[PDB]
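# Give me the fold of what follows.
(chains A, B, C, D, E, F, G and H, ligands or ions: 2)
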Amino acid sequence: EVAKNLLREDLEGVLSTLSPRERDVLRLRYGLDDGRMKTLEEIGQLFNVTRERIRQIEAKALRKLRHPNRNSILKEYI
Amino acid sequence: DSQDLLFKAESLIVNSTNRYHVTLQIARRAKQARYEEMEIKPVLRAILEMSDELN
Amino acid sequence: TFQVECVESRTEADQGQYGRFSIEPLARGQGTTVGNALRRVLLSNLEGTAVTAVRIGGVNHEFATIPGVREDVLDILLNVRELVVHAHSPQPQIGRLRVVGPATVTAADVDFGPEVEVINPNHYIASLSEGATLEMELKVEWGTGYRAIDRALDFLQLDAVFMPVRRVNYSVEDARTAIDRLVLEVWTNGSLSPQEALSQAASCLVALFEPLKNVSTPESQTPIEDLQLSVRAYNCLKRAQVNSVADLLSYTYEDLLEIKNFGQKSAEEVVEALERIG
Amino acid sequence: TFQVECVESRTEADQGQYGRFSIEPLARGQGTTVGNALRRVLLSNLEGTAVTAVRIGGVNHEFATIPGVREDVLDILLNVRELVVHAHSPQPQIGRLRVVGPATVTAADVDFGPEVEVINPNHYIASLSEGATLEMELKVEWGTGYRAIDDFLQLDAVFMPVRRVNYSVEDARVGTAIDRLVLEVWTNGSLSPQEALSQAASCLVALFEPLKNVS
Amino acid sequence: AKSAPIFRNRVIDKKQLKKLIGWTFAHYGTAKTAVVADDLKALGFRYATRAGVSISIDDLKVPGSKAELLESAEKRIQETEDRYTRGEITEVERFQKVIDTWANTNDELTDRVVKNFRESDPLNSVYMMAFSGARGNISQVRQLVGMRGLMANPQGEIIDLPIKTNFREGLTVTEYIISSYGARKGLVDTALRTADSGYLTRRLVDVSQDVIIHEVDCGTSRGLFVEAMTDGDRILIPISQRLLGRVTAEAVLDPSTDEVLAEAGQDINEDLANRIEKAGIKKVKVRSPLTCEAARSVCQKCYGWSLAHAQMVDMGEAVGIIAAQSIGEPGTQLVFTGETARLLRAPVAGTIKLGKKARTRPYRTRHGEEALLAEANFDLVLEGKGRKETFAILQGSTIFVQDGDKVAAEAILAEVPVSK
Amino acid sequence: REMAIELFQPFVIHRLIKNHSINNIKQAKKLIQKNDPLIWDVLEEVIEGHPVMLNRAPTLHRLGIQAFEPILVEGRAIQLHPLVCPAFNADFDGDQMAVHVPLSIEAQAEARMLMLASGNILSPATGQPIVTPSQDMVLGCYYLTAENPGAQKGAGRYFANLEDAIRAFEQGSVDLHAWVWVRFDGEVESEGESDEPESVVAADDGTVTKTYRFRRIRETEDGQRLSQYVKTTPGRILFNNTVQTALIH
Amino acid sequence: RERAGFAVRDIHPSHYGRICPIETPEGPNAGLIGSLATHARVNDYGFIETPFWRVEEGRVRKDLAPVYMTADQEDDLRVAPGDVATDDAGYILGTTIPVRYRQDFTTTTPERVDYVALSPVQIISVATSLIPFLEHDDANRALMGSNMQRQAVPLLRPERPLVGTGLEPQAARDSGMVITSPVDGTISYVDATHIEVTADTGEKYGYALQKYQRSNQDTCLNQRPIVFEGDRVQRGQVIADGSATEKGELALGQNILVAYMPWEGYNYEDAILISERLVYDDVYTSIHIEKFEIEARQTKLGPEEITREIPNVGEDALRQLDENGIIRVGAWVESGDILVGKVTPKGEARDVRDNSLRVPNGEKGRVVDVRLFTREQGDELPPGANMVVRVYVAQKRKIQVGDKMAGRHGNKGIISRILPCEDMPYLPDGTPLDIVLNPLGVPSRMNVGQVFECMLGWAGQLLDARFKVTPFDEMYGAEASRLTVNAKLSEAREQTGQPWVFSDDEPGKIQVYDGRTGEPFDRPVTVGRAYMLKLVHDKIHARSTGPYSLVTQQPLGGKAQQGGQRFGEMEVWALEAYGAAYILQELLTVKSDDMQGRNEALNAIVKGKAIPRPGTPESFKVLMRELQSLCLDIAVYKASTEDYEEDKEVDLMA
Amino acid sequence: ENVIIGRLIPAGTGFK
Ligand SMILES: [Mg+2]
Ligand SMILES: [Zn+2]
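Numbering: from 1, shown residues only, chains lettered A, B, ... in the order given. Ligands and ions are numbered 1, 2, ... in the order given. See the structure here:
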């Protein structure tokens, strides 16, 4: 259970580096808050802009995380 | 040294008239010590301080 | 002052060696000091040569057997581990043995190089029956005392015992002022003569007590004002809290280039000024 | 290949010096070897000077009294057996005391030659009352080790410059079995503990040198 | 502090070390007592190694008079059995006589063993390590260099065959069986005793778990009277050992004058206990958990000291658990007339002057002999050669010597008891 | 070390995370599993000052559980102080002990202040000392302080003080059980003595030298003591000097 | 056990010669398990008998055959022990003879003795018959030695005792591990695994020797040949020997130099101080083989597969697998090393889960056998399993700090120090000792026989001899053991030529010097050759957090499953007497079964914060539920604060 | 009973 609390923190940290909108998008697209993965369309309605906009945000966030900077600890969690 | 701590411990056990009460005070002090230090080991520093305060 | 003489020297059947030495005159209890220091060093701090590893063709662990070989691998290891050798080169060596057919394999069948020599060519190793081949490769190393395995492929490691001296005894007699005569008896395994183990022990003691015998530029201090730097370069360095030539020497050319508004030409000027002061 | 370092040095009021040395790294078993050899040599094979005989005007035996002198012959003899002197010449020397009247006779009252130095200048010897004269003659010789005995009263002199030697062996393991020697030396002040250690090492090196090149 | 140690110019056994540790604790504290104990441990370990104390077969010294003593005992036994065979004594008197004979032979041999150790070789390793109190007893040196003695059946009956060998000489097959009886008895006792001891401790703990110190004083004037524990003439536990840590419920006074030694409500330390014992008060009224009227517990004044600290008990101390543990810890630590009587032998040769003064009624003793039983305490009068006799009999004594007899050197004269 | 690295694993992990470059719990755990050299240094600086409770299987009384300070030793066996064996009723022929480690600050404080072994001197059941030396220590002290008429080399010599006598014994001038005289000023308790001075001699002055069986006191006429010589054994001198050095220091 | 009492566990006189009065367990089984005596046998009705020689007119008739007799039969006869001494031919010497009549010990004229026991060891068992100088030992220490002789470990190179008792060659021929030639001929083939002997005029006999097998107690059951090729062999001559035998006879220990004296505290209270020669000379080193097992089962999700495709593992930890997921024979495995690689189909490709078998913590050695059993191969696999893999791992253990050493006379000890041989005391010839034992343990335990064996063993080493002394040897003289030992020591002294071997002033003691300083000890000490054994058994255990019990959520118990140590109620009482409240409360709740406080405490320790206050342990909630399940309305209540309010029932299970 | 439930025992350091 202690490698669970620890992990989330590390993830949250790298999430902080991302733009506010970006991180919110990610948290909602993976259910980090509610455990429930949400579609495009729920964020299309809940968020300001509609569908096909959240997909762009998701890719532009992941591309930021995929860099060797701002996310390399989690590589060992795999 | 270890001997020094043992002498200071014995010194505090006397003049207290209650080994339990003085153990509770040492515990509390050491707790505060570590709390306001995380910002030597707590119980040790606590005993050193209390001995040096008994003049 | 005293005179150390060798009184008796023998050689046992296992090629071990015995040597008795008489040392006199010592000074009323110095015999015990000398004798016990010699005994401790002879029994503890002498370098020897021992077989540290062995690879027996056809096996890969200690709990196996070879067809036609009377002894099991573990007994062969326990016999090779007690094989006395003396090396001349300060490197590990590999000795090769290969015996075939009905024979009693002994230490004479081990062929090291021309450097390593077997003290006892009668050490028993194994008994081979008809049609059985025993093939071994031994590795010998230098060391001291008992070395435990630390756990280069397929070589079975041995708990090596580099103990060239097997027994030391001494007795201080009255040689009458009261004077002492030390009698020192050394039994070695034959790797080195008793006289050369006594010599090595004495050398170790002398080197041990030697350290206790008696043990118990103006240009770099120049202030940067004398560097004749440009007023700009000078003011930038002084802004960087650089006050001595030592401080400037604490910076690399890159650190100099990192100085705010310090340019390459000013770093070159500083290099030229330092060359002006050598 | 080790390094000897004096961790502590003191000069007690009685002028008796103290020292502690750390010697490391030593191989396993060598700490005891060095410590025991050094202890034996320091305590038994260092040269020093002590009052060997004394003559007192007015007495003839150890169990005798001196009019006006608080102590008797025995107390003065024991107080003089612990008097610490250091001679600069291999020749025996004679010191003369002749204090008189009310006085506390200490070591400074002894009129040794220029070649004899009293380490502790205020070392209690006797206490003279009114109209008392203590006439004393002390003989200083060169010897080694505590030496009990079988005109001048013969004394059991203490030629030892070194008073006490202790050693302990620790483990300086970093990560084999390495040893560390901690050697404590108490000296009466005639020699510093570093000079006593140096002389002991010199004696040991001289003992082990001839056992090297021949046999 | 401030208490300079005394130069103990004497031998140091375990009792002296325990006394020194107690004194050090009383005067210097608990960490100087720890330091002193460590220093003494180091010194003892070093000089028990320099001594080279060892054990050998010749270190087990048997007195040289063992053979003659056994021969004399066997001669007496033969006389007894010849008497039995001729009908002079009955069988239980032959049995009693041979049992008493071998118990006295065992006592004499033990005395000779101790004297031989203390006379020939007082630095013997066995003697040194048994007399100093390190690892040993006297019932074990007896079985190593003396005589094993009379043993018992697996049922409890005393086998009239004694073991007349030690472990140095080696037992026989018969003596090995007789010894194995008791060895197994002890083994089974320990195996079955451990559960009972644990059960007793548990029951004790549950009866007295709620006894915690809650009050300072219940304000009473009741207590019991503490006096020494004596078995009549002899005392078993002195009053000073029974008066340590208690609290006096009334001021004690010296029985010689009007000097007060303690006021009301005062804890007693070792010094005051020794002073009271020295002055012979013989009774002290003290407070106690027996007589304190508190709320379902004891108070601090009625309890007194906590023995682990030599101070008054603290507040909220579970003294019931301590009491239960103290009673239960030694729980797992739980031959005929010998020296419980006293033979009187006159070392003189003289005529008998008993006459008819004391009340001598004819009697048949526990052995087959006939003597005179006396109940009137009367001082024996006998012509003891040069001068008369001043021997004193006791009530119920048994005198063997009657008037008109010739007593010789160390001849048996009487028997005095000490207090179907 | 094998027990300590498992009992103190959370503390080692915390100190690896804080005082070193270890990132997460998994990396610290794998470092511990691979037996890194840094692990032992961290453990050694963790267990210092951390009391640990030792218990023997039959706990008959409260001294069956006592607190100690751990020292890392190499082996599989727990090294126990010989002076606490009677408290545990433990001997070294196969006995085993259980080790517990307090976690909270209050628990460590209670272990150090109440259950520490150096503070359990008197038996709580009788008040008598329970840390007294026994067995080989008693035998060694007895041998040191005994009297041996057979070996009395150097008997009768006088010494200035206890240190002088000890130094004389150390050299070998005087035998261990020799009857020597030492100038000791203080309280002396000598068994087998006599309260009556054996010989009283008044010199040609107001000074009397009363010679007891084990003492020689020079006293001024109608006055005070001037000197005291105790007749003793260098072993007794060593014993009393050891006690005095322990108390003074 | 609860019904057996004091009466049943004692020695009944009728046990004489039928049940040993010495060899038993200690503890709850004391007196309930016994051992048959040496000569006793059971007849066809089920009663134990024992043999006797007939005595006619005081003459022992050893010409006739032994007359066996049961307990009831030998109650009307007067039976003499087997230690009675007879003269030439058979007449009994002496004038009084101990006899047993009607379960009683008496003495009679030697003309009224009916039967005499066959041997002096007829009363004891076989393990107790192997203790020399037994009559100089207490019975309790004899029990200890007899019990501990059966816990000795076969060593790498066994060695016979020098002061054996005479039953060693007979105590080894019944275990069926020694091979003797039934044929008076020549040996034609010798090998580590095979011996062949050709009858002088006849057929060839061939024997196969077991090699490094494994016993129930993980010791090794090796078998080695003794003879060489082309050797003349007589019938009944030893050909091969077992793991605890040397040449015919039992060999459980080794003969080592012993001195009886205290060290610097390392001998304290039965501890043993040994030399470093016992480690590098491979004395008291043994082979232990362990067995590990792995099972391939069939789960509802799917079957389990043995393969090297283990998840979350690198190729640096699959070096020694045999391309089937199973380790290779002859590989050195350290702790945590994979032995068999297994994957389970977990349910939640990236679906396999790793539960491969690995070496337990603290175990290492060589792999010597990997046997595989699958249903296809025609093997009886368990009901739900599809592959059983068994791996045998062997290792060599040396003597080390914490091991138990023992002697035949009941003297046990735990090794506390292993000194380099230049620190151990040495003899007047330079030989350092092997073991130093405390003499403080001898006189209070009355096992003086150990002081006799040492001395006789000393003589035996010096005279190149081996002595067979039988127990109860004092029927021949007044002090036979001491006289024989003294005469043997004097003879050894005369043959060797060294006067320091034996001294007349102190017979059993010689001078010993200090290896650290070179100064001799003040007094001579007792030295000799002692026959010491290394006892079995892996006891070190520690835990921080592991598996928990199902109902109570308390840590499991047991070394093999990372179990915790029990804190019984006696320890709770001890902590209550100290005044400890926080140690007790942390032990009782946070470290045992406070299901939520355990994680909080662990997280606080790892993070470095303070441990929070505990809650209600899980065992209490379990007990409340069980009591409610017993139709009891037990509940926990919170008192009302104000006046006109009811007390409120508190919900613990939330 | 504070031991069974898991509270500070009313003796020692848990007295008040
Ligand atoms: Mg035990
Ligand atoms: Zn009350």
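
# So which residue is smack in the middle of the chain?
As the question left the chain open, I've gone with chain A. Nearest to the mean C-alpha position of chain A, by C-alpha atoms, centre = their mean, lies residue A:26 at 2.7 Å.

# The chain in question should be chain G.
residue G:151 (2.1 Å).

# ok, that one - contacts?
With contact taken as C-beta atoms under 8 Å, 6 or more residues apart in numbering or on different chains, residue G:151 is in contact with G:406, G:533, G:535-536. Every residue, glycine included, has its C-beta placed from N, CA and C.

# With residue G:323 as the reference, measure out to it.
Relative to residue G:323, residue G:151 is positioned 43 Å away (C-beta to C-beta, to the nearest Å).

# secondary structure class for residue G:619?
helix (DSSP: H, G, I helix; E, B strand; the rest coil).

# Test my guess that it contacts residue G:553.
Yes: Residue G:619 lies in contact with residue G:553 (C-beta atoms under 8 Å); the separation is 7.5 Å.

# who's more crowded, the two?
residue G:619 (20 against 17; other C-beta atoms under 10 Å in any protein chain shown).

# Point me to the residue of the stretch 51-200 of chain C nearest chain E.
The nearest approach of the stretch 51-200 of chain C to chain E comes at residue C:171, 18.3 Å away (C-beta to the nearest C-beta).

# What pairs with the host helix or strand of that residue, parallel or antiparallel?
For residue C:171, the enclosing helix or strand under DSSP states H and E is strand C:165-174. Applying DSSP bridges, strand C:165-174 is found paired with strand C:180-188 (antiparallel).

# what does the partner strand rub up against?
Contacts to strand C:180-188, defined as C-beta under 8 Å, 6+ apart, come from residues C:16-31, C:34-35, C:38, C:42, C:164-175, C:194, C:197-198, G:430.

# From those, list just the buried residues.
In these, burial by neighbour count holds for C:16-17, C:19-31, C:34-35, C:38, C:42, C:164-172, C:194, C:197-198, G:430, counting by 16 or more other C-beta atoms under 10 Å in any protein chain shown.

# Select from the residues you listed every entry located in helices.
Using DSSP state H, C:30-31, C:34-35, C:38, C:42, C:194, C:197-198 are the members of the buried ones among the contacts of strand C:180-188 that sit in helices.

# What are the neighbouring residues in contact with residue 6?
Reading this off chain A. So residue A:6 contacts F:24-25 (C-beta under 8 Å, 6+ apart).

# oops, I was thinking of chain C
By C-beta under 8 Å, 6+ apart, the neighbours of residue C:6 are C:19-21, C:194-195, D:215.

# closest to residue E:92 among these?
The shortest approach to residue E:92 among the contacts of residue C:6 belongs to residue C:20, at 76.3 Å (C-beta to C-beta).

# wait, what's in contact with the closest one?
C:6-9, C:183-186.

# For residue C:5, see how far away it is.
According to C-beta to C-beta, residue C:20 stands 10 Å off from residue C:5.

# Endpoints of stretch G:55-69, how far apart?
Using C-alpha to C-alpha, to the nearest Å, one end of stretch G:55-69 lies 14 Å from the other.

# can you pull the buried residues of it?
Going by neighbour count (16+ other C-beta under 10 Å), the buried part of stretch G:55-69 is G:55, G:58-60, G:67-69.

# Just give the nearest non-adjacent residue to residue A:30, would you?
residue A:37 (5.9 Å; C-beta to C-beta, 6 or more residues apart in numbering or on different chains).

# Quick one: residues contacting residue E:135.
Neighbouring residues of residue E:135 by C-beta under 8 Å, 6+ apart: E:129, F:135, F:139, G:440-441, G:443-444.

# Not counting its neighbours along the chain, what's nearest it?
Nearest non-adjacent residue to residue E:135, counting by C-beta to C-beta, 6+ apart: residue G:440, 4.0 Å away.

# from what I can see that neighbour touches residue E:132, true?
No: at 10.7 Å, residue G:440 does not count as touching residue E:132 under the criterion of C-beta under 8 Å.

# which of those two has more neighbours?
residue G:440 (27 against 24).

# Look at the more buried one and give its secondary structure.
helix.

# where do the contact lists of residue G:440 and residue E:132 overlap?
What both residue G:440 and residue E:132 touch, as defined by C-beta under 8 Å, 6+ apart, is the set residue F:139.

# Okay, buried residues for the helix or strand containing residue F:27 please.
Under the criterion of DSSP H and E, residue F:27 resides in helix F:25-33. Within helix F:25-33, the residues scored as buried using 16+ other C-beta under 10 Å are F:25, F:27-29, F:31-32.

# Is any residue of it near chain D?
No: residues of helix F:25-33 contacting chain D under C-beta under 8 Å from any C-beta of the partner chain: none, with a closest distance of 15.8 Å.

# ok, residues contacting that helix?
Residues contacting helix F:25-33 (C-beta under 8 Å, 6+ apart): A:2-3, A:6, A:76-77, F:5, F:9, F:12-13, F:16-17, F:22, F:38-39, G:336, G:606.

# can you list contacts of the following helix or strand past that helix?
Downstream of helix F:25-33, the next assigned helix or strand under DSSP H and E is helix F:37-47. Contacts with helix F:37-47, where a contact means C-beta under 8 Å, 6+ apart, come from D:175, F:1, F:4-5, F:8, F:11-12, F:15-16, F:19-20, F:31-32, F:70, F:72.

# What's the PyMOL line that selects buried ones from these?
A single PyMOL command selects the buried members of these (16+ other C-beta under 10 Å):
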select buried, chain F and resi 4+5+8+11+12+15+16+31+32+70
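
# For residue C:62, see how far away whichever residue of the stretch 51-200 of chain C sits closest to ligand 1 is.
Relative to ligand 1, the nearest point of the stretch 51-200 of chain C is residue C:148 (30.3 Å; C-beta to the ion). To residue C:62, residue C:148 is 15 Å away according to C-beta to C-beta.

# got it, and residue C:162?
For residue C:162, the distance to residue C:62 equals 21 Å [C-beta to C-beta].

# Next: residue G:436.
Distance, residue G:436 to residue C:62, by C-beta to C-beta: 32 Å.

# how about residue C:4, secondary structure?
strand.

# correct me, but it touches residue C:19?
No: judged on C-beta under 8 Å, residue C:4 makes no contact with residue C:19 at a distance of 11.5 Å.

# related to what we said a few turns ago, just the CA coordinates for the strand holding residue C:171, please, in CSV.
The C-alpha trace of strand C:165-174 is given here as CSV (Å, rounded to 0.1, in the frame of the first residue of the first chain):
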residue,chain,number,x,y,z
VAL,C,165,54.6,-22.0,8.6
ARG,C,166,52.9,-24.8,10.5
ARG,C,167,54.4,-24.7,14.0
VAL,C,168,56.5,-22.2,16.0
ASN,C,169,57.8,-22.8,19.5
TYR,C,170,60.3,-20.9,21.6
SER,C,171,61.8,-21.0,25.1
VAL,C,172,63.9,-18.4,26.9
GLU,C,173,66.7,-19.9,29.0
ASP,C,174,69.0,-18.3,31.5
